[PDB]
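The residues making up each chain are set out below.
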Amino acid sequence: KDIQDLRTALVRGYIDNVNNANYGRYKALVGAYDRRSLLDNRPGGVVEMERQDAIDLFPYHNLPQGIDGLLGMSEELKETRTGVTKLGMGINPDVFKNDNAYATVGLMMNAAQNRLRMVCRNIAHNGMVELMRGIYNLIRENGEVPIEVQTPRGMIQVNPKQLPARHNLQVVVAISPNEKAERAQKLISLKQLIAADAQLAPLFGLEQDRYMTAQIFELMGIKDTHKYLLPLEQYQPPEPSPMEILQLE
Amino acid sequence: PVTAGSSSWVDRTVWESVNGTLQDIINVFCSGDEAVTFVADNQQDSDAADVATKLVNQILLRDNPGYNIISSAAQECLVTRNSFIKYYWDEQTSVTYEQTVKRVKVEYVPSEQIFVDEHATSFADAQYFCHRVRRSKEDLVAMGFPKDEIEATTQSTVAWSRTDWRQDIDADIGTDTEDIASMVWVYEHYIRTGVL
Amino acid sequence: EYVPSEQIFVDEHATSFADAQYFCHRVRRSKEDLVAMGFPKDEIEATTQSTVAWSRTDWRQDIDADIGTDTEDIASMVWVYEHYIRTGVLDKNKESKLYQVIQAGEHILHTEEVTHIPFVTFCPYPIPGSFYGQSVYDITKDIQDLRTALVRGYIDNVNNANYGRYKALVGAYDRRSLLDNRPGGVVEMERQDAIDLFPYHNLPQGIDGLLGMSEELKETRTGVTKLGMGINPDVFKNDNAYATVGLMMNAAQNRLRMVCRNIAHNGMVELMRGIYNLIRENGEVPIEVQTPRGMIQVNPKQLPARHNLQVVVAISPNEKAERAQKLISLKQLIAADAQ
Amino acid sequence: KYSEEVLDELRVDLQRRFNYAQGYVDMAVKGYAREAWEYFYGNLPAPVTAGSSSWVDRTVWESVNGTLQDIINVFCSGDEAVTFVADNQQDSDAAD
């Protein structure tokens, strides 16, 4: 409120001095005035008088060196009590979770940007986290919610009261727009880790492998059961080749 | 604008500050594909976390105008000193076509239709609350006083009427009060007291 | 089709499409629709703000003038009054629903129940608890006035001093010599204090110099810059998409991406949700199945609802590229396994 | 179908609401949108006098389309505009 008041008054004081000075005055009595001739608007005048000390530009008030200059830095005053800048970099959900996410050159760790992380953090833990918890309790005590199961792509009528409470459920806010991306590589990294061992290979059999590739694909390519992957219900084991049979015999 | 010759120019630092903050708030919360992702501490109940995550995302975004709610609750909070959000159980109903459903509606609530006590600090410790809402008579007739529907605070209108200048909430829209779907203000209340 | 902002009439006590109690939409329509619906035996049927606005959306158009054809012509272009009101068409005892109304001059054409308003609005930099937000004009009107008036007060000084005036005393003018248009001296005068530069007013250092930085004021309350850094569809979904050097942390983009994120969530995402809803309760949609190029008349009713469906807007022109790399990356992973 | 007496009451109730609606819209917005277009064209800033050096700056004109360098560049820049996504393979064949 204070910033707007001062900046308004200072600019208002700036304007009228400019408006007075830009469209100028002159000074000369009736003596040597030459009223008829002076009214010519042509910059290339053809007539003057012979006094040579009569007319001069009006002594308009000069623009003060300090009155407007030292309030030109009132901009950073807003930069101190707020967190907005006409040239600074914005914020993102990833750096919201961890400031050192872009520690390469996007250190992100500035008063200009970590101060805006105040309200978003404050509004999240004073706001939405209560919103989900309120909704989660609210949805838990009324109605019957049907949930689509993905095993047959069917529908199951699940009792909402069988749902657990907020005690064993944790909520997070401000997910990244690409949170699909990093999860896909995480599964691939975990997939190659377990594949590197053999003592988990019986445990990580064939039914597990399909839907992992689906989920990795589901983040980008959803409909895999028709062109990309075969459903588990139709993956009949292959009959052994006659070459193997005769080798056995 | 004290005088015509005073060059009544006005600075808009307040407007720039709010927009600068908003350029980041929506860029963080309402920028991702979804809004929230419930996570559990164990797996054998994580079969409920994903279900809840999809349910609220379906409700907040795929069903409700979540983008409007968050944006309105943002631009109208940095100036109003607070903002409020309401969720409620819908009971809308209609060849005997009498389909009835139940929905969890979420709508933004301006900080002007709200009345709170003084010695309270939070929702839980608050002892009294009020919430002025324009409601249709159709909701009222369905459960009370079906035989009389001729039912007929400036500050509560001024602030919203000064959120802009082409709109006024207390003005006469044009629809008659006799209409079954005509709107009328109500007095929502949440108070801890001896009803018994 | 698009809808102008002048052809809409909404009550003051509304804040959004759903809660609106009355609604009108002034539409020009041809009589072909009208004759196929009523009053076939009479077709001689014949608001300045609704004309001035588009008469001043440019200076080369008007909407209330006569195009020329007679009013008897069926293709003659005729105003109608589309209406969407929640009121007691039946007795008020029932909770009043919403009924679409289309009516002509002292005549009514069609009334029907509908559960969703078919219009969608765009609102950048909105205002909560209201139906109409703010505008770039409402922010940039003042800067235009001050900048223009500054140049106007500037230019009037520009031409005055440009028109070089020489004033001397009555004596020693020597009019015959001075008025020569050739600036080459062949005619001259000793006294050296008759002719001198007119004391033209100089340029105010503060009136115009201090206000020359008004450009930054525009770049703060908006996101515009003559050389600034903007936004792209990829960075819209993820700011760190180009986190190499493009941190995006500039006020010119963050206060700019608020409106585009809003105009999505407050705008077209309702349209596709509306588009997905509408296609679900009318007609039979014939779709193409990709196996034999067979042609299947799939019923729209079997389609799911928006409850389990998520919509995304502002796709990238190269999504076909990175999706292909996602598939081949997924392909080599599953190929590496035998299970 | 509906009795004409209902329609006669419908006309009166609809008309009075239309009169109320247009009054608010005209004063609040159409009185400003009318001038906003003219500033967008740089013509309403008054040429008070021929000697007043009637130049007009069009800062609104650069600002109004200023975001629009990005508006069309993000929504309507790609091969298409929108694409639906589902939550399960049961309806994934319908989203496309």
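Residues numbered from 1 in each chain as written, not as in the entry; some residues may be left out. Chains lettered and ligands numbered in written order. Part of a larger assembly, values for the part shown. Heavy atoms only, no water.

- Judging from the entry metadata, cryo-EM is the method by which this structure was determined, and 4.2 Å is the reported resolution.

1. Here we look at the overall build of chain C
Here is step 1: Scanning chain C from terminus to terminus reveals eight helices and eight strands.
Here is step 2: A compact globule built from 339 residues would reach a C-alpha radius of gyration of about 20 Å, whereas chain C, at 34 Å, exceeds it by more than 25%.
Here is step 3: The C-alpha extent of chain C, read off along each of the three principal axes, is 105 × 80 × 45 Å.
Here is step 4: If you sum the accessible surface of chain C, you get close to 18,600 Å²; carbon and sulfur atoms cover 56% of it.
Here is step 5: Charge separation in chain C, taken as the distance between the mean sites of 36 positive and 46 negative side-chain charges, equals 5 Å. (Helix = DSSP H or I, 4+ residues; strand = E, 2+ residues; numbered from the N terminus. Rg over C-alpha atoms; globule rule 2.2 N^0.38 Å. Areas by Shrake-Rupley, 256 points an atom, 1.4 Å probe, with all protein chains shown as cover. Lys, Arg positive; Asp, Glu negative; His and termini not counted. Charge placed at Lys NZ, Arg CZ, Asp CG, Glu CD.)

2. Re the sheet that holds strand β6 (residues 183-189) of chain B
Residue and element names in this part refer to chain B.
Here is step 1: Strand order in the open sheet made by the three strands is β4-β5-β6, with antiparallel pairing throughout. Taken across any chain shown, the strands that pair with only one partner, and hence form the sheet edges, are β4 (114-116) and β6. The average undirected angle you get between the axes of adjacent strands in this sheet is 25 degrees.
Here is step 2: Relative to β6, strand β5 (residues 129-136) runs antiparallel, the two being bridged by seven bridges. Within β6, the residue paired with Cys-130 across the bridge is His-189. (Pairing = 2+ DSSP bridges. Axes fitted to C-alpha atoms, helices over the stretch in contact; angles between N-to-C directions.)

3. Focus on a nonpolar patch on the surface
Here is step 1: A cluster of nonpolar residues, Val-46 and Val-47 of chain A together with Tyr-166, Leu-178, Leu-179, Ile-195 and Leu-197 of chain C, forms a patch on the protein surface that exposes about 590 Å² of accessible area.
Here is step 2: Mapped onto the secondary structure, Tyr-166 of chain C falls in the loop between α3 (136-162) and α4 (175-178).
Here is step 3: Judged by relative accessible area, which is 39%, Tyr-166 of chain C ranks as partly exposed. (Patch = residues over 30% accessible without salt bridge, like charges linked within 9 Å, V, L, I, M, F, W, Y side chains within 5 Å. Salt bridge = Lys/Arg side-chain N within 4 Å of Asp/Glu carboxyl O. Buried < 20%, exposed > 50% of the residue type's maximum accessible area, 1.4 Å probe, protein only.)

4. A look at the pattern of salt bridges
Here is step 1: Within this structure, the stated rule accounts for 30 salt bridges over all chains.
Here is step 2: As a salt-bridge pair, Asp-172 of chain B and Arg-17 of chain D come within 4.0 Å of each other at their nearest N and O atoms. One end of the pair, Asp-172 of chain B, is in the loop between α5 (154-161) and β6; the other, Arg-17 of chain D, is in helix α1 (residues 4-40), on a second chain.
Here is step 3: Owing to a relative accessible area of 4%, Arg-17 of chain D belongs among the buried residues under this scheme.
Here is step 4: With its nearest N and O atoms 3.7 Å apart, the salt bridge here joins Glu-45 of chain C to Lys-31 of chain C. One end of the pair, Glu-45 of chain C, is in the loop between α1 (31-35) and α2 (49-55); the other, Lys-31 of chain C, is in helix α1, and 14 residues separate them in sequence.
Here is step 5: Look at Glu-45 of chain C and you get partly exposed, because its relative accessible area is 24%.
Here is step 6: Residue classification places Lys-31 of chain C among the buried positions, given a relative accessible area of 1%.

5. Examining helix α6 (residues 116-139) of chain A
Here is step 1: Helix length check: α6 of chain A, at 24 residues, gives a terminal C-alpha distance of 33 Å against a target of 34 Å (1.5 Å per residue), a fit within 8%.
Here is step 2: Considering bend angle alone, the principal kink of α6 of chain A is centred on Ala-124 of chain A and spans about 40 degrees. (Expected span 1.5 Å × (residues − 1). Bend = angle between axes of the 7 residues up to and from the residue.)

6. Some words on the interface of chain A and chain C
Here is step 1: Listed as interface residues are 80 residues of chain A and, on the opposing side, 67 residues of chain C.
Here is step 2: Summed over both partners, the interface of chain A with chain C buries about 5,600 Å², with 58% contributed by carbon and sulfur atoms.
Here is step 3: Of all residues in chain A, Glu-48, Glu-50 and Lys-86 of chain A give up the largest surface area on contact with chain C, accounting jointly for 16% of the area buried on that side.
Here is step 4: Inspection of the region where chain A meets chain C yields three salt bridges.
Here is step 5: Between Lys-86 of chain A and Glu-216 of chain C there is a salt bridge, with its nearest N and O atoms 2.0 Å apart.
Here is step 6: Elements represented by at least two residues in the side of chain A that touches chain C include exactly α1 (2-22), α2 (35-38), α4 (93-97), α7 (179-196) and α8 (207-218) of chain A.
Here is step 7: Broken down by element, the residue count for the side of chain A that touches chain C peaks at eleven residues, all from α1 of chain A.
Here is step 8: Across the side of chain A that touches chain C, the residue classes tally to 41 nonpolar, 22 polar and 17 charged. (Contact = heavy atoms within 4.5 Å. Buried area = accessible area lost by both parts, 1.4 Å probe. Nonpolar A, V, L, I, M, F, W, Y, C, P; charged D, E, K, R; others polar.)

7. As for the sheet that holds strand β5 (residues 107-113) of chain C
Here is step 1: Judged by pairing direction, the sheet is antiparallel, and its five strands sit side by side in the order β1-β2-β3-β4-β5 (chain C) without closing on themselves. A strand with exactly one partner marks an edge of an open sheet, and here the two such strands are β1 (8-10) and β5 of chain C. Between one strand axis and the next, the sheet turns through 20 degrees on average, direction left out of account.
Here is step 2: Packing against the sheet, α1 of chain D makes contact with β1, β2 (22-30), β3 (77-86), β4 (98-104) and β5 of chain C, and its axis sits at approximately 100 degrees to β1 of chain C.

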